[PDB]
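everything below, folded, please.
(chains A, B and C)
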Amino acid sequence: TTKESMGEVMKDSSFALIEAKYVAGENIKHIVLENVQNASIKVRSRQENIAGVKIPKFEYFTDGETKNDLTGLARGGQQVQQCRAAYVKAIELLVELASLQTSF
Amino acid sequence: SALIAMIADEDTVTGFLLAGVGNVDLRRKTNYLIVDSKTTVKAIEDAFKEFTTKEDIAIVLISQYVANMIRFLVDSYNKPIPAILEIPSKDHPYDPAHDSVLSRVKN
Amino acid sequence: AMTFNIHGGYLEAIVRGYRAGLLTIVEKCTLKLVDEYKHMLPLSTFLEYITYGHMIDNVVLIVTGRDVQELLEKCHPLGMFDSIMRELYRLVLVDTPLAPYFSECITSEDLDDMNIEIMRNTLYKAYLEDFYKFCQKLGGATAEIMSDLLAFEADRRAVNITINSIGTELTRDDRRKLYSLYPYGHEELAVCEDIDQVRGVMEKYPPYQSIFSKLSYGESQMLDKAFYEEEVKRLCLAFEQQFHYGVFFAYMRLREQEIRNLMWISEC
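Residues are numbered from 1 along each chain as shown, chains lettered A, B, ... in the order given. And now the structure:
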(Lines give C-alpha, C1' and ligand atoms only; values in the text may rest on other atoms or scores of the structure.)
Protein backbone atom coordinates (compact mmCIF):
# COMPACT_ATOMS: atom_id res chain seq x y z
CA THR A 1 0.00 0.00 0.00
CA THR A 2 2.76 2.47 0.90
CA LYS A 3 4.68 1.73 -2.31
CA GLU A 4 2.33 4.15 -4.11
CA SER A 5 3.53 6.91 -1.77
CA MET A 6 6.99 6.54 -3.34
CA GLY A 7 5.36 7.52 -6.64
CA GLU A 8 2.94 10.21 -5.48
CA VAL A 9 5.41 12.09 -3.27
CA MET A 10 8.06 11.66 -5.97
CA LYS A 11 5.76 13.29 -8.53
CA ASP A 12 5.03 16.13 -6.10
CA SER A 13 8.75 16.62 -5.45
CA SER A 14 9.42 16.65 -9.19
CA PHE A 15 6.75 19.31 -9.71
CA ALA A 16 8.23 21.42 -6.90
CA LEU A 17 11.71 21.01 -8.39
CA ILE A 18 10.45 22.16 -11.79
CA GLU A 19 8.80 25.18 -10.17
CA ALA A 20 12.00 26.04 -8.29
CA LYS A 21 14.04 25.70 -11.49
CA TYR A 22 11.61 27.99 -13.32
CA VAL A 23 11.90 30.47 -10.44
CA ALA A 24 15.65 30.64 -9.79
CA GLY A 25 17.17 28.69 -12.68
CA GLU A 26 20.02 26.46 -11.57
CA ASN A 27 20.13 25.72 -7.85
CA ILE A 28 23.15 26.67 -5.76
CA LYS A 29 23.90 23.00 -4.98
CA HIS A 30 27.57 22.22 -4.19
CA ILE A 31 28.26 23.58 -0.71
CA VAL A 32 24.71 23.38 0.69
CA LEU A 33 23.23 21.15 -2.07
CA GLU A 34 20.26 23.59 -2.10
CA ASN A 35 16.88 22.13 -3.20
CA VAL A 36 15.50 22.05 0.37
CA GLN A 37 14.89 24.03 3.55
CA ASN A 38 14.02 21.16 5.93
CA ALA A 39 15.59 17.68 6.21
CA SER A 40 18.69 17.99 8.39
CA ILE A 41 18.77 14.22 8.02
CA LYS A 42 19.49 12.33 11.25
CA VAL A 43 17.88 8.97 12.04
CA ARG A 44 16.83 7.50 15.39
CA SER A 45 15.88 3.87 15.96
CA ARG A 46 13.49 2.06 18.30
CA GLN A 47 12.75 -1.62 18.90
CA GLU A 48 9.14 -2.78 19.12
CA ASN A 49 8.05 -6.34 19.89
CA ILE A 50 5.28 -8.18 18.05
CA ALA A 51 4.69 -11.89 18.74
CA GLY A 52 8.16 -12.10 20.29
CA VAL A 53 9.89 -10.57 17.25
CA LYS A 54 11.94 -7.42 17.88
CA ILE A 55 10.48 -5.33 15.06
CA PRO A 56 12.52 -2.12 14.69
CA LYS A 57 10.96 1.34 14.64
CA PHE A 58 12.53 4.18 12.65
CA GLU A 59 12.33 7.95 13.11
CA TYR A 60 14.42 10.66 11.48
CA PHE A 61 14.49 14.30 10.44
CA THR A 62 11.27 15.54 8.79
CA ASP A 63 9.81 12.19 9.91
CA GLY A 64 10.38 12.41 13.65
CA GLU A 65 13.08 13.88 15.88
CA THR A 66 16.54 15.27 15.03
CA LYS A 67 15.14 17.74 12.49
CA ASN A 68 16.31 21.29 11.80
CA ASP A 69 15.86 23.96 9.14
CA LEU A 70 17.37 27.29 8.13
CA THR A 71 16.32 29.81 5.45
CA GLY A 72 15.87 27.84 2.23
CA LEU A 73 15.64 28.59 -1.47
CA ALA A 74 13.08 30.67 -3.37
CA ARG A 75 10.62 27.79 -3.72
CA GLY A 76 12.22 26.29 -0.62
CA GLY A 77 8.83 26.27 1.05
CA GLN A 78 7.38 24.37 -1.90
CA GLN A 79 10.45 22.13 -2.03
CA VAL A 80 10.04 21.27 1.66
CA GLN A 81 6.31 20.72 1.16
CA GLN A 82 7.01 18.29 -1.70
CA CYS A 83 10.63 17.05 -1.71
CA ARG A 84 11.00 17.01 2.08
CA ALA A 85 7.42 15.76 2.48
CA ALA A 86 8.48 12.46 0.89
CA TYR A 87 10.73 11.92 3.93
CA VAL A 88 7.83 10.68 6.07
CA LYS A 89 6.76 8.25 3.34
CA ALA A 90 10.34 7.03 2.93
CA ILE A 91 10.71 6.50 6.69
CA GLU A 92 7.43 4.57 6.80
CA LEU A 93 8.53 2.43 3.85
CA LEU A 94 11.90 1.72 5.49
CA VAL A 95 10.24 0.75 8.79
CA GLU A 96 7.81 -1.52 6.94
CA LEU A 97 10.64 -3.16 4.98
CA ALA A 98 12.69 -3.78 8.12
CA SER A 99 9.66 -5.23 9.90
CA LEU A 100 8.91 -7.47 6.91
CA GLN A 101 12.50 -8.73 6.78
CA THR A 102 12.57 -9.49 10.51
CA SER A 103 9.17 -11.20 10.37
CA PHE A 104 10.24 -13.27 7.36
CA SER B 1 21.96 7.19 12.71
CA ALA B 2 22.35 8.57 9.18
CA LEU B 3 20.39 8.05 5.97
CA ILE B 4 21.27 9.17 2.44
CA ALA B 5 21.38 7.88 -1.14
CA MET B 6 24.19 9.86 -2.84
CA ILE B 7 23.62 7.70 -5.95
CA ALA B 8 20.63 9.63 -7.23
CA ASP B 9 19.29 12.31 -9.58
CA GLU B 10 21.16 15.04 -7.67
CA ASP B 11 18.52 17.68 -6.92
CA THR B 12 15.98 14.94 -6.18
CA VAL B 13 18.18 13.64 -3.37
CA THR B 14 19.25 17.12 -2.25
CA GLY B 15 15.61 18.07 -1.76
CA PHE B 16 15.62 15.84 1.34
CA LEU B 17 19.34 15.54 2.14
CA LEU B 18 20.89 18.63 3.77
CA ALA B 19 19.45 22.07 4.38
CA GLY B 20 19.45 22.58 8.16
CA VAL B 21 22.47 20.48 9.04
CA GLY B 22 23.96 16.98 9.24
CA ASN B 23 25.63 17.69 5.86
CA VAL B 24 23.56 14.94 4.19
CA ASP B 25 24.91 11.99 6.21
CA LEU B 26 27.97 13.97 7.34
CA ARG B 27 29.55 14.90 4.02
CA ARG B 28 32.49 16.30 6.01
CA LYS B 29 33.60 12.72 6.71
CA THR B 30 31.10 10.45 4.90
CA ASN B 31 28.50 10.43 2.09
CA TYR B 32 29.18 11.25 -1.56
CA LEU B 33 28.02 13.43 -4.43
CA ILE B 34 24.28 12.89 -4.91
CA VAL B 35 24.54 13.04 -8.72
CA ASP B 36 24.27 9.72 -10.56
CA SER B 37 24.83 8.85 -14.27
CA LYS B 38 28.57 9.55 -14.02
CA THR B 39 29.26 5.80 -13.81
CA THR B 40 27.71 2.49 -12.78
CA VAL B 41 26.55 1.77 -9.23
CA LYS B 42 29.77 -0.12 -8.56
CA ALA B 43 31.03 3.13 -7.07
CA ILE B 44 27.61 3.43 -5.41
CA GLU B 45 28.11 -0.05 -3.96
CA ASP B 46 31.53 1.07 -2.72
CA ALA B 47 29.93 4.14 -1.12
CA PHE B 48 27.41 1.82 0.53
CA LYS B 49 30.47 0.01 1.85
CA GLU B 50 31.80 3.41 2.96
CA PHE B 51 28.47 4.85 4.16
CA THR B 52 25.88 2.12 4.81
CA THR B 53 28.38 -0.50 5.97
CA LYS B 54 30.12 2.13 8.13
CA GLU B 55 27.45 1.63 10.85
CA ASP B 56 26.24 5.22 10.30
CA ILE B 57 23.89 5.24 7.29
CA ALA B 58 20.68 3.32 7.97
CA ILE B 59 18.47 3.97 4.92
CA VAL B 60 19.66 4.15 1.31
CA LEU B 61 17.91 4.69 -2.01
CA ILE B 62 18.55 3.82 -5.65
CA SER B 63 16.32 5.46 -8.26
CA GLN B 64 14.28 2.61 -9.79
CA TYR B 65 17.44 0.44 -9.79
CA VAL B 66 18.19 1.69 -13.30
CA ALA B 67 21.86 0.75 -12.90
CA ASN B 68 21.88 -0.19 -9.19
CA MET B 69 23.20 -3.76 -9.83
CA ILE B 70 19.98 -5.41 -8.70
CA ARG B 71 21.54 -8.85 -8.25
CA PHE B 72 24.59 -7.42 -6.47
CA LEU B 73 22.49 -5.21 -4.18
CA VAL B 74 19.98 -7.98 -3.41
CA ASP B 75 22.58 -9.44 -1.02
CA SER B 76 21.84 -6.59 1.42
CA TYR B 77 19.13 -8.76 3.03
CA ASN B 78 21.67 -9.76 5.68
CA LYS B 79 21.82 -6.99 8.28
CA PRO B 80 18.72 -5.24 6.89
CA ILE B 81 18.74 -2.29 9.32
CA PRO B 82 22.04 -0.74 8.08
CA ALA B 83 21.05 -1.57 4.47
CA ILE B 84 17.43 -0.44 4.18
CA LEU B 85 17.33 0.18 0.44
CA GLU B 86 14.68 2.11 -1.49
CA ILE B 87 13.56 2.67 -5.07
CA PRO B 88 12.53 6.33 -5.52
CA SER B 89 10.48 7.40 -8.53
CA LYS B 90 10.70 10.58 -10.67
CA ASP B 91 12.94 10.60 -13.78
CA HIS B 92 12.69 6.78 -13.51
CA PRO B 93 9.44 4.92 -12.73
CA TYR B 94 9.18 3.05 -9.44
CA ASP B 95 8.33 -0.55 -10.33
CA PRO B 96 8.31 -3.93 -8.55
CA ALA B 97 10.97 -4.97 -11.07
CA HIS B 98 14.34 -6.46 -10.10
CA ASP B 99 16.10 -4.40 -7.44
CA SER B 100 17.80 -4.76 -4.07
CA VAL B 101 14.87 -5.24 -1.67
CA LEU B 102 11.85 -5.40 -3.99
CA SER B 103 13.39 -8.43 -5.73
CA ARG B 104 13.18 -10.34 -2.45
CA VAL B 105 9.77 -8.73 -1.86
CA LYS B 106 8.70 -10.23 -5.20
CA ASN B 107 9.13 -13.68 -3.61
CA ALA C 1 18.47 62.88 -31.14
CA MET C 2 20.88 62.98 -34.08
CA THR C 3 23.47 61.02 -32.07
CA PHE C 4 21.57 57.79 -32.76
CA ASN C 5 22.14 58.26 -36.49
CA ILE C 6 25.65 59.55 -35.78
CA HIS C 7 26.63 56.26 -34.11
CA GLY C 8 25.04 53.04 -32.93
CA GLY C 9 22.29 52.96 -35.55
CA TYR C 10 23.42 49.75 -37.24
CA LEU C 11 23.88 47.95 -33.91
CA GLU C 12 20.45 49.14 -32.78
CA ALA C 13 18.86 47.88 -36.00
CA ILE C 14 20.61 44.51 -35.67
CA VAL C 15 19.46 44.18 -32.05
CA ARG C 16 15.89 45.10 -32.99
CA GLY C 17 15.88 42.53 -35.78
CA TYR C 18 17.27 39.82 -33.51
CA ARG C 19 14.68 40.61 -30.83
CA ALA C 20 11.86 40.58 -33.38
CA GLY C 21 13.09 37.19 -34.61
CA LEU C 22 13.07 35.81 -31.07
CA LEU C 23 10.01 34.09 -29.61
CA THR C 24 19.14 20.45 -24.00
CA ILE C 25 16.76 22.54 -26.10
CA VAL C 26 16.77 25.28 -23.45
CA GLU C 27 20.56 25.05 -23.25
CA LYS C 28 20.81 25.27 -27.04
CA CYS C 29 18.57 28.34 -27.13
CA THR C 30 20.60 29.98 -24.36
CA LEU C 31 23.84 29.24 -26.22
CA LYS C 32 22.40 30.70 -29.43
CA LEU C 33 21.26 33.86 -27.63
CA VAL C 34 24.66 34.21 -25.95
CA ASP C 35 26.42 33.80 -29.31
CA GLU C 36 24.15 36.43 -30.86
CA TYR C 37 24.91 38.83 -28.01
CA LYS C 38 28.66 38.20 -28.22
CA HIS C 39 28.80 38.63 -32.01
CA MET C 40 27.41 42.16 -31.60
CA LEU C 41 30.76 43.28 -30.16
CA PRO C 42 28.96 54.28 -25.39
CA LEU C 43 26.84 51.12 -25.68
CA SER C 44 29.91 49.12 -24.62
CA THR C 45 29.40 50.21 -21.01
CA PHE C 46 25.73 49.24 -21.21
CA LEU C 47 26.66 45.80 -22.55
CA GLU C 48 29.26 45.42 -19.80
CA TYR C 49 26.69 46.26 -17.12
CA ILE C 50 24.13 43.90 -18.67
CA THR C 51 26.67 41.07 -18.65
CA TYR C 52 27.78 41.96 -15.11
CA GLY C 53 24.15 41.53 -14.06
CA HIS C 54 24.38 37.75 -14.37
CA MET C 55 28.16 37.80 -13.84
CA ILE C 56 27.55 38.74 -10.20
CA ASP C 57 25.62 35.50 -9.71
CA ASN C 58 28.21 33.57 -11.73
CA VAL C 59 31.04 34.88 -9.53
CA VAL C 60 29.01 34.15 -6.39
CA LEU C 61 28.57 30.56 -7.56
CA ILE C 62 32.28 30.30 -8.44
CA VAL C 63 33.17 31.65 -4.98
CA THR C 64 32.39 28.21 -3.53
CA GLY C 65 35.31 25.93 -2.73
CA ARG C 66 33.44 22.10 -2.36
CA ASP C 67 32.77 20.76 -5.88
CA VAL C 68 33.89 24.09 -7.33
CA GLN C 69 35.04 22.43 -10.57
CA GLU C 70 31.40 21.90 -11.61
CA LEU C 71 31.09 25.64 -12.33
CA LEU C 72 32.74 25.06 -15.73
CA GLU C 73 29.68 23.09 -16.88
CA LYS C 74 27.51 26.24 -16.67
CA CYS C 75 30.07 28.51 -18.38
CA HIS C 76 27.49 30.36 -20.45
CA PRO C 77 29.22 33.40 -22.01
CA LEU C 78 26.12 35.54 -21.41
CA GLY C 79 26.59 35.53 -17.64
CA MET C 80 29.40 33.09 -16.77
CA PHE C 81 32.24 34.90 -18.56
CA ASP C 82 35.67 34.06 -17.18
CA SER C 83 36.58 37.74 -16.80
CA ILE C 84 33.40 38.41 -14.79
CA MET C 85 38.49 32.21 -0.16
CA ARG C 86 39.40 35.87 0.34
CA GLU C 87 42.70 35.38 -1.51
CA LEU C 88 40.87 34.35 -4.69
CA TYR C 89 38.16 36.95 -4.03
CA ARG C 90 40.77 39.73 -4.16
CA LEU C 91 41.88 38.46 -7.57
CA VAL C 92 38.25 38.26 -8.71
CA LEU C 93 37.67 41.80 -7.42
CA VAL C 94 38.85 43.16 -10.78
CA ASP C 95 36.86 43.50 -14.02
CA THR C 96 33.51 43.72 -12.20
CA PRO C 97 31.46 46.74 -11.05
CA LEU C 98 30.12 45.31 -7.78
CA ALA C 99 33.31 43.41 -6.89
CA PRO C 100 35.27 46.35 -5.36
CA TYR C 101 32.36 47.20 -3.06
CA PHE C 102 31.74 43.55 -2.16
CA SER C 103 35.43 43.25 -1.25
CA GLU C 104 34.79 45.52 1.74
CA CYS C 105 31.14 44.62 2.37
CA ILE C 106 31.81 40.86 2.20
CA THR C 107 35.37 40.96 3.56
CA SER C 108 34.43 38.07 5.88
CA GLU C 109 34.40 35.86 2.73
CA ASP C 110 32.63 32.57 3.58
CA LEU C 111 31.77 33.87 7.06
CA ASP C 112 29.43 36.46 5.53
CA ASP C 113 28.61 34.21 2.55
CA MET C 114 27.53 30.95 4.18
CA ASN C 115 25.81 28.72 1.63
CA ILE C 116 22.68 28.35 3.78
CA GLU C 117 21.56 31.99 3.98
CA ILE C 118 24.55 34.35 4.10
CA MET C 119 25.61 33.44 0.56
CA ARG C 120 22.20 34.68 -0.57
CA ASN C 121 22.85 37.83 1.48
CA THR C 122 26.17 38.39 -0.31
CA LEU C 123 24.46 37.80 -3.66
CA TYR C 124 21.77 40.33 -2.74
CA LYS C 125 24.42 42.88 -1.74
CA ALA C 126 26.22 42.34 -5.05
CA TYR C 127 22.93 42.71 -6.92
CA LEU C 128 22.24 45.96 -5.06
CA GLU C 129 25.70 47.27 -5.97
CA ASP C 130 25.19 46.31 -9.62
CA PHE C 131 21.76 47.96 -9.67
CA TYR C 132 23.23 51.13 -8.18
CA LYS C 133 25.98 51.12 -10.81
CA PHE C 134 23.44 50.64 -13.61
CA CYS C 135 21.23 53.42 -12.25
CA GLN C 136 24.30 55.67 -12.11
CA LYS C 137 24.48 55.54 -15.93
CA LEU C 138 21.40 57.72 -16.23
CA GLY C 139 20.25 59.48 -19.38
CA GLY C 140 17.61 57.18 -20.84
CA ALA C 141 14.17 55.77 -20.14
CA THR C 142 15.74 52.49 -18.96
CA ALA C 143 16.28 54.12 -15.55
CA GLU C 144 12.61 53.50 -14.71
CA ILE C 145 12.88 49.83 -15.70
CA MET C 146 16.08 49.41 -13.68
CA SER C 147 14.46 51.07 -10.66
CA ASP C 148 11.43 48.79 -11.01
CA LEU C 149 13.65 45.70 -11.16
CA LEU C 150 15.68 46.78 -8.12
CA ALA C 151 12.48 47.58 -6.22
CA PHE C 152 11.07 44.16 -7.10
CA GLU C 153 14.24 42.45 -5.88
CA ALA C 154 14.31 44.44 -2.64
CA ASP C 155 10.60 43.86 -1.96
CA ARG C 156 10.91 40.13 -2.67
CA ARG C 157 13.87 39.93 -0.29
CA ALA C 158 11.92 41.82 2.37
CA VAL C 159 8.89 39.54 1.95
CA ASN C 160 11.09 36.45 2.23
CA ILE C 161 12.74 37.92 5.33
CA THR C 162 9.40 38.66 7.00
CA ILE C 163 7.94 35.26 6.04
CA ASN C 164 10.57 32.89 7.44
CA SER C 165 14.05 34.47 7.22
CA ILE C 166 13.31 36.74 10.20
CA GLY C 167 14.45 33.80 12.31
CA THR C 168 17.62 33.83 10.17
CA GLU C 169 18.51 37.32 11.52
CA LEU C 170 16.87 39.00 8.50
CA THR C 171 15.05 41.47 10.73
CA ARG C 172 13.49 44.83 9.83
CA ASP C 173 16.90 46.51 9.79
CA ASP C 174 18.27 43.69 7.63
CA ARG C 175 15.45 44.29 5.12
CA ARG C 176 17.69 47.01 3.64
CA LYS C 177 21.07 46.44 5.30
CA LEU C 178 21.52 42.94 3.84
CA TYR C 179 18.46 42.40 1.62
CA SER C 180 19.84 44.66 -1.14
CA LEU C 181 9.65 54.08 -4.46
CA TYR C 182 11.83 51.43 -2.83
CA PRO C 183 15.10 53.47 -2.90
CA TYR C 184 13.28 56.11 -0.81
CA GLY C 185 10.27 54.41 0.76
CA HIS C 186 11.35 50.84 1.50
CA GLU C 187 10.77 51.37 5.24
CA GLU C 188 7.09 50.46 4.82
CA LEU C 189 8.02 46.81 4.16
CA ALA C 190 10.00 46.46 7.40
CA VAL C 191 6.81 45.60 9.33
CA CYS C 192 4.99 43.60 6.61
CA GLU C 193 5.27 40.33 8.52
CA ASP C 194 1.99 38.95 7.10
CA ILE C 195 0.53 38.42 3.64
CA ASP C 196 -2.22 40.88 4.54
CA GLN C 197 0.50 43.19 5.85
CA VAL C 198 2.37 42.69 2.57
CA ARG C 199 -0.75 43.71 0.63
CA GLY C 200 -1.18 46.74 2.88
CA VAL C 201 2.43 47.78 2.28
CA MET C 202 1.86 47.32 -1.46
CA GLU C 203 -1.17 49.60 -1.11
CA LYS C 204 1.25 52.50 -0.50
CA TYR C 205 2.08 52.33 -4.23
CA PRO C 206 -1.14 52.30 -6.32
CA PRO C 207 0.79 50.78 -9.25
CA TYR C 208 1.96 48.09 -6.82
CA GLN C 209 -1.60 47.83 -5.49
CA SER C 210 -3.52 44.71 -6.58
CA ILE C 211 -0.23 43.31 -7.90
CA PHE C 212 0.07 41.07 -4.84
CA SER C 213 -3.65 40.13 -5.13
CA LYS C 214 -4.31 36.95 -3.09
CA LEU C 215 -0.51 36.40 -2.91
CA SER C 216 -1.03 32.65 -3.37
CA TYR C 217 1.49 32.67 -6.24
CA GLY C 218 4.62 34.71 -6.79
CA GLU C 219 4.80 36.02 -3.23
CA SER C 220 4.72 32.41 -2.01
CA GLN C 221 8.37 31.93 -3.00
CA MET C 222 11.32 33.11 -0.90
CA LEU C 223 14.68 34.71 -1.90
CA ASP C 224 13.99 37.20 -4.74
CA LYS C 225 10.80 35.87 -6.33
CA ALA C 226 7.96 37.61 -4.48
CA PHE C 227 7.97 41.02 -6.17
CA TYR C 228 10.25 39.84 -8.99
CA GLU C 229 7.38 37.67 -10.24
CA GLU C 230 5.28 40.84 -10.33
CA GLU C 231 7.90 42.39 -12.61
CA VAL C 232 7.89 39.22 -14.74
CA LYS C 233 4.10 39.46 -15.09
CA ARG C 234 4.29 43.18 -15.91
CA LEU C 235 7.16 42.68 -18.39
CA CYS C 236 4.58 43.39 -21.11
CA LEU C 237 5.54 47.01 -20.42
CA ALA C 238 9.10 46.12 -21.43
CA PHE C 239 7.61 44.62 -24.60
CA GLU C 240 6.80 48.16 -25.80
CA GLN C 241 10.43 49.06 -26.60
CA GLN C 242 9.98 52.48 -28.17
CA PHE C 243 12.52 53.19 -30.88
CA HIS C 244 15.62 55.42 -30.74
CA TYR C 245 16.34 54.28 -27.17
CA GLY C 246 18.55 51.78 -25.38
CA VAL C 247 16.76 48.47 -25.93
CA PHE C 248 19.73 46.11 -25.63
CA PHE C 249 18.90 45.41 -21.97
CA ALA C 250 15.25 44.87 -22.90
CA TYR C 251 16.22 42.40 -25.62
CA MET C 252 18.54 40.54 -23.23
CA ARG C 253 15.78 40.35 -20.62
CA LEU C 254 13.28 39.11 -23.22
CA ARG C 255 15.72 36.43 -24.39
CA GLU C 256 16.33 35.35 -20.78
CA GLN C 257 12.58 35.17 -20.14
CA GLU C 258 12.08 33.13 -23.31
CA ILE C 259 14.83 30.73 -22.21
CA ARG C 260 13.22 30.44 -18.78
CA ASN C 261 9.83 29.73 -20.36
CA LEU C 262 11.36 27.07 -22.60
CA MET C 263 13.00 25.46 -19.57
CA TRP C 264 9.70 25.56 -17.67
CA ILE C 265 8.06 23.84 -20.65
CA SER C 266 10.43 20.83 -20.53
CA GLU C 267 8.31 17.65 -20.97
CA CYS C 268 5.12 19.66 -21.50
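
list the contacts for the residue nearest to residue B:3 when sequence neighbours are not counted?
Residue nearest to residue B:3 in three dimensions, not counting chain neighbours: residue B:59, with 3.8 Å by Cβ to Cβ, 6 or more residues apart in numbering or on different chains. Heads up, the C-betas are built off the backbone N, CA and C, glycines and all. Applying Cβ atoms under 8 Å, 6 or more residues apart in numbering or on different chains, we find residue B:59 in contact with A:43, A:58, A:60, A:90-91, A:94, B:3, B:84, B:86.

please redo it, this time with the cut-off set to 7 Å
For residue B:59, the contacting residues are A:43, A:90, A:94, B:3, B:84, B:86, by Cβ atoms under 7 Å, 6 or more residues apart in numbering or on different chains.

same check, this time on residue A:38
Contacts of residue A:38 (Cβ under 7 Å, 6+ apart): A:62, A:67, A:69, A:80, A:84, B:19-20.

so what's the residue count around residue 77?
Here I'm looking at chain A. 20 (other Cβ atoms under 10 Å in any protein chain shown).

look at chain C instead
14.

the closest residue to it other than its chain neighbours: what secondary structure?
Excluding its sequence neighbours, the residue lying closest to residue C:77 (Cβ to Cβ, 6+ apart) is residue C:34, at 4.7 Å. Secondary structure, DSSP: H, G, I helix; E, B strand; the rest coil: residue C:34 is helix.

out of everything not next to it in sequence, what's closest to residue A:56?
Nearest non-adjacent residue to residue A:56, counting by Cβ to Cβ, 6+ apart: residue A:98, 4.9 Å away.

in what helix or strand does the one you found lie?
helix A:86-103 (DSSP states H and E).

okay, the contacts of residue B:59 in JSON lines with distance to residue C:122 and neighbour count next?
Output for the contacts of residue B:59, formatted as JSON lines (distance: Cβ to Cβ, whole Å; neighbours: other Cβ atoms under 10 Å in any protein chain shown):
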{"residue": "A:43", "distance to residue C:122": "33", "neighbour count": "25"}
{"residue": "A:90", "distance to residue C:122": "34", "neighbour count": "26"}
{"residue": "A:94", "distance to residue C:122": "38", "neighbour count": "26"}
{"residue": "B:3", "distance to residue C:122": "31", "neighbour count": "30"}
{"residue": "B:84", "distance to residue C:122": "39", "neighbour count": "29"}
{"residue": "B:86", "distance to residue C:122": "36", "neighbour count": "24"}
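
wait, residue C:29 sits on residue C:261?
No. Between residue C:29 and residue C:261 there is no contact under Cβ atoms under 7 Å: 10.0 Å.

mutual contacts of those two, please.
By Cβ under 7 Å, 6+ apart, no residue touches both residue C:29 and residue C:261.

who's more crowded, these two?
The residue with more neighbours, out of residue C:29 and residue C:261, is residue C:29; 18 against 13, by other Cβ under 10 Å.

need the contact list for the more buried one.
C:259, C:262.

would it count as being in a helix?
Yes. Residue C:29: assigned to a helix according to three-state DSSP.

now the residue nearest to the spatial centre of chain A: how far from residue C:181?
Closest to where the C-alpha atoms of chain A average out (Cα atoms, centre = their mean) is residue A:87, at 1.4 Å. Counting by Cβ to Cβ, to the nearest Å, the separation of residue A:87 from residue C:181 is 42 Å.

test my guess that the residue nearest to residue A:56 contacts residue B:85.
No. Taking contacts as Cβ under 7 Å, residue A:98 lies outside contact range of residue B:85: 10.8 Å.

now the helices for chain C?
In chain C, the helices defined using DSSP state H lie at C:3-6, C:9-21, C:25-39, C:43-62, C:86-92, C:99-105, C:118-136, C:142-163, C:174-177, C:182-185, C:195-202, C:228-234, C:248-265.

ok, chain B next?
Ranges of helices in chain B, per DSSP H, are B:11-14, B:23-26, B:42-50, B:70-73, B:102-105.

show me what contacts the residue of chain A found nearest chain B?
Going by Cβ to the nearest Cβ, chain B is nearest to residue A:83 of chain A, at 2.7 Å. Residues near residue A:83 by Cβ under 7 Å, 6+ apart: A:13, A:16-17, A:35-36, B:15-16.
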